[PDB]
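**Q** Following this message is one structure expressed as structure tokens.
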Amino acid sequence: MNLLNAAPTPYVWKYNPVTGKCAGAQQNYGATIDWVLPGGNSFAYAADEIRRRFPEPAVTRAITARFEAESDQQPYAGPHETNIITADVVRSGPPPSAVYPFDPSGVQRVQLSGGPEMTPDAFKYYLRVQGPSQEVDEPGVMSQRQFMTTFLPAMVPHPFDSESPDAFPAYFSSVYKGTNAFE
Amino acid sequence: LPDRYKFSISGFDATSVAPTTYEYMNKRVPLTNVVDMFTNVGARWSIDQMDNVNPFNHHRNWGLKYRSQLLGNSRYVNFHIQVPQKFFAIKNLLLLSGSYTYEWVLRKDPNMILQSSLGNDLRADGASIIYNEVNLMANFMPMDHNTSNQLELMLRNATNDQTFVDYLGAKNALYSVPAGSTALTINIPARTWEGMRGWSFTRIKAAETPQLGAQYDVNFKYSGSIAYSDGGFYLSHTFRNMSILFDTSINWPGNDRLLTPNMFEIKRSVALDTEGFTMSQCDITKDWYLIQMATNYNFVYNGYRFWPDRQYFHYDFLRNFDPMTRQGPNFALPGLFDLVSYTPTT
Amino acid sequence: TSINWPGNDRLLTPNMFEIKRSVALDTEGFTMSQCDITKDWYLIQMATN
Amino acid sequence: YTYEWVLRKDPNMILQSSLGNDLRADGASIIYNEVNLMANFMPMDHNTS
Amino acid sequence: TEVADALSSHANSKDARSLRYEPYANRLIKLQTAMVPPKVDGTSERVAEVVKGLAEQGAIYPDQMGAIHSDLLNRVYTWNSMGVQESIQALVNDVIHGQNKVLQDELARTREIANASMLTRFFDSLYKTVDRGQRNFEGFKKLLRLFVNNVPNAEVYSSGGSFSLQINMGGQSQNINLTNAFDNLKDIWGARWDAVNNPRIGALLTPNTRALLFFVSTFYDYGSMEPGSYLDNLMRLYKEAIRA
Amino acid sequence: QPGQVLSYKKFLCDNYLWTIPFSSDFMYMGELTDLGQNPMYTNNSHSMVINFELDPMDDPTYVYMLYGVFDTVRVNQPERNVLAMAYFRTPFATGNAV
Amino acid sequence: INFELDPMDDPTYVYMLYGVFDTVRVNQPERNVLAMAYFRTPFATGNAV
Amino acid sequence: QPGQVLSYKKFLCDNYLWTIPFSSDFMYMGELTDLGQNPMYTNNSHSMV
Amino acid sequence: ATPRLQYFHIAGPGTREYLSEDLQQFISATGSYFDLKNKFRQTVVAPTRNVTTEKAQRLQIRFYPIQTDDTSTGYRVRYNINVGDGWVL
Amino acid sequence: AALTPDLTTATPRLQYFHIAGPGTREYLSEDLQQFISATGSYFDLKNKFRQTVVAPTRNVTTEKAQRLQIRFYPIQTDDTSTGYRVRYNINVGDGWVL
Amino acid sequence: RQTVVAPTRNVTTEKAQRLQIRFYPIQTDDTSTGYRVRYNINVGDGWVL
Amino acid sequence: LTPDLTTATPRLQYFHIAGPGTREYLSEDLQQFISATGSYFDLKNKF
Amino acid sequence: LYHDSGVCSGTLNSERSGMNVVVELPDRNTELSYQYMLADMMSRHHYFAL
Amino acid sequence: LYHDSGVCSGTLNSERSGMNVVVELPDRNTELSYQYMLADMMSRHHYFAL
């Protein structure tokens with residue numbers, strides 16, 4: 001066979017979880033088959049067929065989204081979590097069925113040790129359920145799973161040949177020249 | 001004065017008691033010429049014989065002077081004190097409804113819990129403590145239950161929950177430096193430094209520093225001011241220089257930022273000085289002086305100036321950066337016999 | 001560089017695989033099998049084996 | 001830029017006494033060996049500078 | 001010149017008493033600069049525009065911007081004549097042509113980039129700094145920007161300098177103008193929401209302005225504006241009115 | 001004689017604890033410094049060496065080196081008496097003996 | 001990976017074993033034609049093209 | 001001897017004029033207090049001792 | 001909000017909303033050299049509603065250890081902070 | 001609809017701990033911020049929610065090698081009895097500001 | 001070769017769930033013949049003990 | 001030699017003795033610059 | 001109090017969530033952090049005997 | 001430094017435009033100006049050795 005027509009190893013991405021920005025991509029050497037010294041002609045074709053059978057990025061995106069859906073740890077509460085978040089807000093604060101005395105006497109009230117308005121459970125849950133005041137995510141930073149949905153591992157044949165894309169190791173393009181920078 | 005500048009009193013003998021006992025410090029008179037009325041008679045000059053001696057271990061320590069007199073004039077004190085919680089995660093935590101159990105263990109080491117103005121071994125001096133009752137006081141706002149449940153419910157919401165940081169914001173590493181040694185190398189494993197704030201460093205005497213994370217330090221026989229625990233730093237001098245190399249050979253400044261680009265020359269001797277590199281009428285360097293003023297006061301490129309807005313801080317630069325200068329006779333000359341002896345006959 | 005692998009509050013010691021601890025220095029327990037091996041480490045080893 | 005300045009050598013000008021005595025008659029003197037000029041430059045980005 | 005519009009107006013026009021309420025020196029300075037206008041040198045700014053366009057077009061790097069500009073000032077001043085100044089103006093018109101040609105590119109991309117670019121030109125087309133309430137002004141500009149970006153059917157255009165905004169609700173499309181709204185929004189940035197200002201500037205707001213900031217406040221933060229301003233506490237009400 | 005004298009320029013600085021900011025211009029520009037979010041250190045591993053030379057004392061001492069770390073806690077209390085704290089330190093997350 | 005060890009009195013290694021699938025597939029497609037292809041999943045040694 | 005000593009905890013307070021705020025939570029919530037407008041005292045006579 | 005209190009601005013509206021609007025401009029304009037802002041009283045009124053329980057509630061609670069387990073090196077104490085609903089600690 | 005993010009797996013680890021987050025004014029809920037503003041003179045929660053100012057990290061300090069401090073020796077001295085002159089050639093290089 | 005493959009879904013939580021809980025005694029009653037202990041095993045929802 | 005002393009600019013306004021004010025004679029870019037970089041490298045005292 | 005000690009630390013935790021939420025590291029400094037926090041919060045020449 | 005002396009003043013100037021752009025008048029007080037400015041910006045009891 002011809003190695004120029006052989007499928008290249010995919011570029012896997014580095015997430016950099018703390019900053020949240022992409023840490024770049026690398027040649028996926030961590031999962032490679034040893035096939036030229038021991039394998040020869042019988043295994044060169046096999047390794048090529050394995051490499052070109054690497055899923056296209058859309059398929060990998062679908063697989064990763066399906067894997068993430070079965071987590072049980074989605075960012076927002078599912079029926080299991082929201083049922084108990086409703087249950088504890090229901091049993092929080094002054095009880096609704098507690099018949100207590102309201103004494104509007106400007107002399108000689110009762111002690112009322114206990115243990116005339118009340119808040120409804122709808123608003124009580126509304127306080128607990130509402131999100132931040134931002135309601136929009138800052139650009140650049142992404143969580144692990146939203147980074148996995150985008151930025152997918154893919155075979156990139158002939159990458160360093162085009163007009164002016166090169167690659168994204170760690171940079172910030174400024175002057176129309178790809179300035180891999182932040183040194 | 002340090003023990004090396006003292007002598008016995010003709011009835012006292014060394015090795016009979018530890019050098020960290022009270023009657024050892026009492027029965028060792030200092031040399032009378034190492035400091036006296038003629039010691040640099042016209043110079044505002046900290047005694048170089050005690051520049052490395054803890055100044056907070058002094059009977060003029062007004063803070064400890066007040067702290068000791070709050071317990072009484074006797075050594076038999078029925079103390080009743082209120083100690084704040086200081087762990088950053090729970091220092092200002094605002095607990096909501098529920099049942100919480102919160103246990104904590106209190107030191108019984110006299111050297112740890114008590115501070116002497118002399119730094120003697122309190123365990124060897126018969127000091128001890130007994131805790132009779134330790135109760136936990138809590139104040140609760142009597143706010144309306146119709147609103148505190150609302151308040152607790154807007155605090156149970158995950159988008160708005162408490163976040164607490166340690167004010168120091170510094171990992172603490174103690175690197176041993178023996179007596180005769182003058183250099184120290186701090187190598188660290190490979191790391192990402194993902195949000196590092198910078199470096200802070202002084203040197204603390206190992207005799208005044210307890211074992212870290214120790215239930216009870218047995219080699220700690222000192223009861224003065226632990227400079228590690230409090231801010232009682234007094235050895236910010238005795239740093240000739242320092243260098244940073246993030247990789248094996250990559251200096252962090254590494255852009256000819258400093259006048260000595262490969263090192264943070266904190267101070268250099270003015271006697272050997274030829275090119276300058278000494279600022280504020282002392283031996284601190286131009287490079288290091290800019291580093292300190294830029295860090296604390298945020299304006300060095302617009303001009304050096306004093307910053308009264310941070311004098312209260314008690315831990316900034318300008319309030320306690322004290323340069324001094326003396327002249328001294330030049331001995332090792334035909335005259336000028338240096339008639340003051342600093343070595344006792346022991 | 002900072003994501004502990006268990007990282008889900010699995011172990012009684014949150015940020016390490018504490019294999020053993022000094023029982024004389026021990027205060028809160030966390031030692032298994034009448035020796036200085038920890039509850040967490042004993043759990044991991046027996047689960048693995 | 002060319003920036004020149006001249007330094008005083010008068011003992012009464014440059015030196016202050018707690019008595020105010022004439023220092024020229026009292027042998028006060030000064031000799032300048034190195035008078036160098038220093039400056040601080042902000043390393044602000046050349047793009048924005 | 002407010003002197004010209006103070007002379008040629010009614011008896012006590014707003015700028016006929018703006019000069020009046022100035023101190024004597026400031027009023028005299030305005031009077032002098034109106035009567036005998038001081039001349040201004042076009043170059044050393046046109047050259048700056050040329051070098052900024054050169055760096056923007058990628059011809060030169062911004063690191064060498066100032067050096068190139070000053071060398072060009074040498075080359076101009078040592079030959080400053082009618083014939084070189086026309087070349088300077090030709091290069092400035094060249095910069096303008098290039099900028100407009102670039103703009104025509106983003107009006108051909110996705111509409112959510114076209115309206116964003118037109119909004120950037122609108123922002124460049126008015127004042128960039130206000131004497132009072134600058135934080136309110138930039139917070140409003142950012143809120144409007146992200147409102148246009150996050151509303152898929154927002155369409156920004158210009159009609160003779162009047163930058164309008166179209167919002168299509170399917171069955172209807174309410175048009176709100178931005179030039180007259182921002183003109184009305186002057187001296188309301190530094191508002192200081194309190195008892196007397198609310199009647200004062202509640203009758204100062206046109207239906208166009210209230211509609212604009214009502215639509216903008218659908219994406220409104222507590223970290224957008226000054227925490228005690230009239231615009232801040234007005235968008236606080238309008239956002240929850242939209243919500244409920 | 002003037003040739004029989006010397007100079008002893010010296011400084012004392014108590015309660016200070018020399019600080020060096022991990023900022024590209026040594027001026028405070030936020031707690032999360034200029035280079036602490038520079039993705040040449042954050043993305044890429046580094047192993048620094050810090051070299052000191054000190055005035056030699058006569059007694060064993062430590063060198064109390066304080067790095068710059070973001071040790072924060074996010075205290076989450078989702079239900080009644082359900083208390084959970086999450087600890088995070090940015091440069092030194094493992095918190096081991098270094 | 002971070003380790004804390006009891007300090008011994010002689011130089012020692014730390015025999016670290018990861019978990020890998022270091023497998024072989026042996027192909028003999030024809031007579032006296034032998035061919036293997038080695039694959040190790042996490043810490044792959046192999047051929048990047 | 002420790003049994004032959006006593007303790008005399010005491011405090012001095014000069015120029016203070018002990019104050020008790022007529023507020024619900026004993027804290028400053030406005031110069032006109034919480035209970036100063038409660039329509040128990042304001043609207044009905046009470047005779048404190 | 002008694003009119004007797006409002007007339008003396010003890011429980012009244014407040015300075016910014018009862019002075020003549022021209023006077024507020026005047027006192028603010030001449031506020032750097034001829035201060036008149038101390039001559040028109042204003043009182044901050046307490047919330048007086050929905051801010052404090054009438055329920056008999058302890059203002060300051062003492063917690064004493066369930067377990068002590070004293071030893072020669074330290075002195076442990078174990079507490080149990082019971083925070084009921086409507087209580088925030 | 002309720003938010004249930006698990007920490008120690010939050011994944012950004014900076015935004016969640018507000019080390020490099022949005023800011024306290026814009027991550028606390030509407031109602032909680034209103035509550036803090038209203039009940040902010042007697043019962044303080046401002047210190048219980050962390051906010052960090054972030055360095056500009058771009059176009060504010062060059063990676064180029066620039067000297068922070070430059071010493072200018074005299075080019076002409078002309079020492080006399082009454083005064084001491086010094087003449088310097090101060091150079092502010094390309095892209096430099098002094 | 002034949003390899004046993006783990007389920008990897010719907011078998012283990014990704015939530016921060018403590019893998020081993022130590023229950024302090026609520027209430028003790030230490031006597032001379034017996035030592036009582038009373039615990040509160042609060043098995044949260046979704047947990048199995 | 002400057003193109004401003006050549007013209008009829010009032011002396012008080014030219015030297016900002018009775019001029020308009022730094023908020024309104026500086027270029028609108030420079031006010032933003034000095035405000036943005038006002039915490040570490042101030043330029044406000046130079047105008 | 002035994003701060004900074006991971007071998008003899010304190011313990012704060014709830015009942016439903018039995019895991020301890022107070023973890024202390026030997027490389028932090030609780031006491032010095034309070035000293036720096038308090039000194040920045042107020043001048044240190046003030047004497048607060050409580 | 002020879003301030004406010006027109007006979008022995010300094011000279012700051014550029015090269016292309018060699019005109020001296022510092023003029024010191026004998027009727028001004030530079031040192032007292034610095035004294036008043038420095039006393040206004042901050043209290044004078046602070047001892048700044050630099």
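A note on labels: chains of the structure tokens are A, B, ... as shown, every chain counts residues from 1, and ligands are counted from 1 in their shown order.
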Give as a list in words every residue of chain D that touches chain B within 12 Å, counting only C-alpha atoms.
**A** residues 33, 34, 35, 36, 37, 38, 39, 40, 41, 42, 43 and 44 of chain D
**Q** For the residues in the current selection, export N, CA, C and O atoms as a compact mmCIF listing (two decimals), in the first residue's frame.
**A**
# COMPACT_ATOMS: atom_id res chain seq x y z
N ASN D 33 31.06 61.53 43.34
CA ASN D 33 31.81 60.54 42.57
C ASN D 33 31.00 60.05 41.37
O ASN D 33 31.42 60.20 40.22
N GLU D 34 29.83 59.47 41.63
CA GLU D 34 28.92 59.02 40.58
C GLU D 34 27.56 59.65 40.80
O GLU D 34 26.95 59.47 41.86
N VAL D 35 27.08 60.39 39.81
CA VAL D 35 25.75 60.98 39.83
C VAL D 35 25.03 60.42 38.61
O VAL D 35 25.08 60.98 37.51
N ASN D 36 24.33 59.31 38.80
CA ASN D 36 23.66 58.61 37.71
C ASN D 36 22.16 58.83 37.79
O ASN D 36 21.59 59.06 38.86
N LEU D 37 21.51 58.77 36.63
CA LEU D 37 20.07 58.93 36.52
C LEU D 37 19.42 57.58 36.29
O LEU D 37 19.86 56.82 35.41
N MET D 38 18.40 57.28 37.07
CA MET D 38 17.63 56.05 36.94
C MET D 38 16.21 56.38 36.48
O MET D 38 15.73 57.51 36.62
N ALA D 39 15.54 55.37 35.92
CA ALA D 39 14.18 55.54 35.44
C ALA D 39 13.47 54.20 35.48
O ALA D 39 14.10 53.14 35.43
N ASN D 40 12.14 54.26 35.59
CA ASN D 40 11.30 53.08 35.55
C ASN D 40 10.44 53.11 34.30
O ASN D 40 9.80 54.13 34.01
N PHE D 41 10.43 52.01 33.56
CA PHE D 41 9.66 51.88 32.32
C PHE D 41 8.62 50.79 32.51
O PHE D 41 8.97 49.65 32.84
N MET D 42 7.36 51.14 32.31
CA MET D 42 6.31 50.13 32.39
C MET D 42 6.42 49.19 31.20
O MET D 42 6.47 49.65 30.06
N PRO D 43 6.45 47.87 31.42
CA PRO D 43 6.58 46.95 30.29
C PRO D 43 5.26 46.74 29.58
O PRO D 43 4.92 45.60 29.22
N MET D 44 4.51 47.81 29.36
CA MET D 44 3.20 47.68 28.75
C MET D 44 3.36 47.26 27.29
O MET D 44 4.36 47.57 26.64
**Q** For a quick test of understanding: name the residues of chain H lying within 9 Å of chain A when counting only C-alpha atoms, and present them as JSON, numbers by chain.
**A** {"H": [38, 39, 40, 41, 42, 43, 44, 45, 46]}
**Q** Would you list which chain B residues are within 8 Å of chain A using only C-alpha atoms, as a list in words?
**A**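 Interface list for chain B against chain A: residues 145, 146, 148, 149, 150, 153, 154, 155, 156, 157, 159, 160 and 194 of chain B.
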**Q** Would you please extract all alpha helix (DSSP H) residues from stretch 122-164 of chain A, as assigned by DSSP on the backbone, and give them as a ChimeraX atom specification?
**A** /A:122-129,144-149
**Q** Mind pulling up the distance from atom CA of residue A:73 to atom CA of residue K:14?
**A**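 Computing the Euclidean distance for atom CA of residue K:14 and atom CA of residue A:73 yields 6.3 Å.
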**Q** Mind dumping a table of every chain B residue within 12 Å of chain K, with the nearest atom pair and its distance in Å to one decimal, using only C-alpha atoms, sorted by chain and rising number, as JSON lines?
**A**
{"residue": "B:99", "atom": "CA", "partner": "K:26", "partner_atom": "CA", "distance": 11.5}
{"residue": "B:100", "atom": "CA", "partner": "K:26", "partner_atom": "CA", "distance": 11.5}
{"residue": "B:101", "atom": "CA", "partner": "K:24", "partner_atom": "CA", "distance": 9.3}
{"residue": "B:102", "atom": "CA", "partner": "K:24", "partner_atom": "CA", "distance": 11.3}
{"residue": "B:103", "atom": "CA", "partner": "K:24", "partner_atom": "CA", "distance": 11.0}
**Q** Write out as a list in words which residues come within 10 Å of residue I:37 when counting only C-alpha atoms, dropping same-chain ones fewer than 3 positions away.
**A**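 The residues that qualify are residues 15, 24, 27, 28, 30, 31, 34, 40 and 41 of chain I.
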**Q** Please report the interatomic distance between atom CA of residue I:42 and atom CA of residue H:36 in Å with one decimal.
**A**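 Calculated distance between atom CA of residue I:42 and atom CA of residue H:36 is 16.2 Å.
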**Q** Measuring atom to atom with only C-alpha atoms, identify which of E:101, E:135, E:191, E:236 is nearest to chain A.
**A**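 For chain A, the nearest of the candidates is E:236.
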**Q** Find the residues around residue G:5 up to 12 Å (only C-alpha atoms counted), leave out those fewer than 5 positions away in its own chain, and share them as a ChimeraX atom specification.
**A** /C:18-21 /F:96-97 /G:12-14
**Q** Output N, CA, C and O atoms of each residue in that selection to a file, as a PDB file, in the first residue's frame.
**A**
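Output saved as again-v2.pdb:
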ATOM      1  N   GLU C  18      -4.840   7.532  51.318  1.00  0.00           N
ATOM      2  CA  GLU C  18      -4.057   7.359  52.538  1.00  0.00           C
ATOM      3  C   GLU C  18      -3.906   5.872  52.823  1.00  0.00           C
ATOM      4  O   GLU C  18      -4.834   5.215  53.299  1.00  0.00           O
ATOM      5  N   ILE C  19      -2.720   5.340  52.528  1.00  0.00           N
ATOM      6  CA  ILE C  19      -2.478   3.910  52.683  1.00  0.00           C
ATOM      7  C   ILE C  19      -2.405   3.530  54.156  1.00  0.00           C
ATOM      8  O   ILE C  19      -2.971   2.514  54.575  1.00  0.00           O
ATOM      9  N   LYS C  20      -1.714   4.331  54.964  1.00  0.00           N
ATOM     10  CA  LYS C  20      -1.584   4.044  56.384  1.00  0.00           C
ATOM     11  C   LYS C  20      -1.394   5.346  57.146  1.00  0.00           C
ATOM     12  O   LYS C  20      -0.956   6.356  56.591  1.00  0.00           O
ATOM     13  N   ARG C  21      -1.734   5.308  58.433  1.00  0.00           N
ATOM     14  CA  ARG C  21      -1.558   6.449  59.318  1.00  0.00           C
ATOM     15  C   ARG C  21      -1.132   5.957  60.693  1.00  0.00           C
ATOM     16  O   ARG C  21      -1.466   4.842  61.099  1.00  0.00           O
TER      17      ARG C  21
ATOM     18  N   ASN F  96       0.112  18.101  49.269  1.00  0.00           N
ATOM     19  CA  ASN F  96       1.019  17.122  49.852  1.00  0.00           C
ATOM     20  C   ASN F  96       2.264  17.833  50.380  1.00  0.00           C
ATOM     21  O   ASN F  96       2.363  19.063  50.357  1.00  0.00           O
ATOM     22  N   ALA F  97       3.222  17.042  50.855  1.00  0.00           N
ATOM     23  CA  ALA F  97       4.438  17.573  51.464  1.00  0.00           C
ATOM     24  C   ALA F  97       5.389  18.018  50.360  1.00  0.00           C
ATOM     25  O   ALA F  97       6.056  17.198  49.726  1.00  0.00           O
TER      26      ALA F  97
ATOM     27  N   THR G  12      16.029   3.585  46.684  1.00  0.00           N
ATOM     28  CA  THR G  12      15.027   2.624  46.250  1.00  0.00           C
ATOM     29  C   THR G  12      14.246   3.190  45.075  1.00  0.00           C
ATOM     30  O   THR G  12      14.076   4.404  44.950  1.00  0.00           O
ATOM     31  N   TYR G  13      13.780   2.296  44.211  1.00  0.00           N
ATOM     32  CA  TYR G  13      12.848   2.662  43.161  1.00  0.00           C
ATOM     33  C   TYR G  13      11.424   2.588  43.703  1.00  0.00           C
ATOM     34  O   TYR G  13      11.191   2.277  44.872  1.00  0.00           O
ATOM     35  N   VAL G  14      10.456   2.881  42.843  1.00  0.00           N
ATOM     36  CA  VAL G  14       9.047   2.628  43.117  1.00  0.00           C
ATOM     37  C   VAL G  14       8.512   1.911  41.887  1.00  0.00           C
ATOM     38  O   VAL G  14       8.310   2.530  40.837  1.00  0.00           O
TER      39      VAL G  14
END
**Q** Can you pull out every residue within 12 Å of residue L:44, counting only C-alpha atoms, but drop anything in the same chain fewer than 4 positions away, and send it as a ChimeraX atom specification?
**A** /B:302 /L:22-23,26,30-40
**Q** Based on the selection just made, write N, CA and C atoms of those residues as a PDB file, in the first residue's frame.
**A**
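Full text of out-v4.pdb as output:
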ATOM      1  N   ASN B 302       5.097  55.420  37.730  1.00  0.00           N
ATOM      2  CA  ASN B 302       4.709  56.817  37.837  1.00  0.00           C
ATOM      3  C   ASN B 302       5.509  57.568  38.887  1.00  0.00           C
TER       4      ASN B 302
ATOM      5  N   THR L  22     -11.105  68.287  31.509  1.00  0.00           N
ATOM      6  CA  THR L  22     -10.436  67.076  31.034  1.00  0.00           C
ATOM      7  C   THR L  22     -11.426  66.046  30.515  1.00  0.00           C
ATOM      8  N   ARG L  23     -12.644  66.035  31.052  1.00  0.00           N
ATOM      9  CA  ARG L  23     -13.678  65.157  30.531  1.00  0.00           C
ATOM     10  C   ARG L  23     -14.103  65.523  29.118  1.00  0.00           C
ATOM     11  N   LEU L  26      -9.874  66.248  26.155  1.00  0.00           N
ATOM     12  CA  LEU L  26      -9.122  65.088  25.713  1.00  0.00           C
ATOM     13  C   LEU L  26      -9.903  64.340  24.643  1.00  0.00           C
ATOM     14  N   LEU L  30      -8.793  58.838  24.971  1.00  0.00           N
ATOM     15  CA  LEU L  30      -7.823  58.965  26.055  1.00  0.00           C
ATOM     16  C   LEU L  30      -8.485  58.915  27.419  1.00  0.00           C
ATOM     17  N   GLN L  31      -9.706  59.433  27.538  1.00  0.00           N
ATOM     18  CA  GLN L  31     -10.423  59.294  28.796  1.00  0.00           C
ATOM     19  C   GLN L  31     -10.674  57.826  29.112  1.00  0.00           C
ATOM     20  N   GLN L  32     -11.070  57.043  28.104  1.00  0.00           N
ATOM     21  CA  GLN L  32     -11.257  55.610  28.306  1.00  0.00           C
ATOM     22  C   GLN L  32      -9.944  54.919  28.642  1.00  0.00           C
ATOM     23  N   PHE L  33      -8.851  55.329  27.997  1.00  0.00           N
ATOM     24  CA  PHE L  33      -7.557  54.720  28.289  1.00  0.00           C
ATOM     25  C   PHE L  33      -7.140  54.986  29.730  1.00  0.00           C
ATOM     26  N   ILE L  34      -7.177  56.251  30.153  1.00  0.00           N
ATOM     27  CA  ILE L  34      -6.736  56.579  31.503  1.00  0.00           C
ATOM     28  C   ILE L  34      -7.687  56.002  32.542  1.00  0.00           C
ATOM     29  N   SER L  35      -8.967  55.835  32.205  1.00  0.00           N
ATOM     30  CA  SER L  35      -9.886  55.214  33.151  1.00  0.00           C
ATOM     31  C   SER L  35      -9.633  53.716  33.264  1.00  0.00           C
ATOM     32  N   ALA L  36      -9.415  53.043  32.133  1.00  0.00           N
ATOM     33  CA  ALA L  36      -9.175  51.603  32.157  1.00  0.00           C
ATOM     34  C   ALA L  36      -7.874  51.276  32.873  1.00  0.00           C
ATOM     35  N   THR L  37      -6.782  51.916  32.471  1.00  0.00           N
ATOM     36  CA  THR L  37      -5.497  51.732  33.140  1.00  0.00           C
ATOM     37  C   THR L  37      -5.287  52.788  34.218  1.00  0.00           C
ATOM     38  N   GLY L  38      -6.259  52.930  35.110  1.00  0.00           N
ATOM     39  CA  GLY L  38      -6.168  53.878  36.195  1.00  0.00           C
ATOM     40  C   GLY L  38      -5.833  53.277  37.535  1.00  0.00           C
ATOM     41  N   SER L  39      -5.721  51.953  37.619  1.00  0.00           N
ATOM     42  CA  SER L  39      -5.433  51.285  38.876  1.00  0.00           C
ATOM     43  C   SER L  39      -3.955  50.991  39.075  1.00  0.00           C
ATOM     44  N   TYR L  40      -3.159  50.997  38.009  1.00  0.00           N
ATOM     45  CA  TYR L  40      -1.760  50.610  38.126  1.00  0.00           C
ATOM     46  C   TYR L  40      -0.822  51.625  37.486  1.00  0.00           C
TER      47      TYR L  40
END
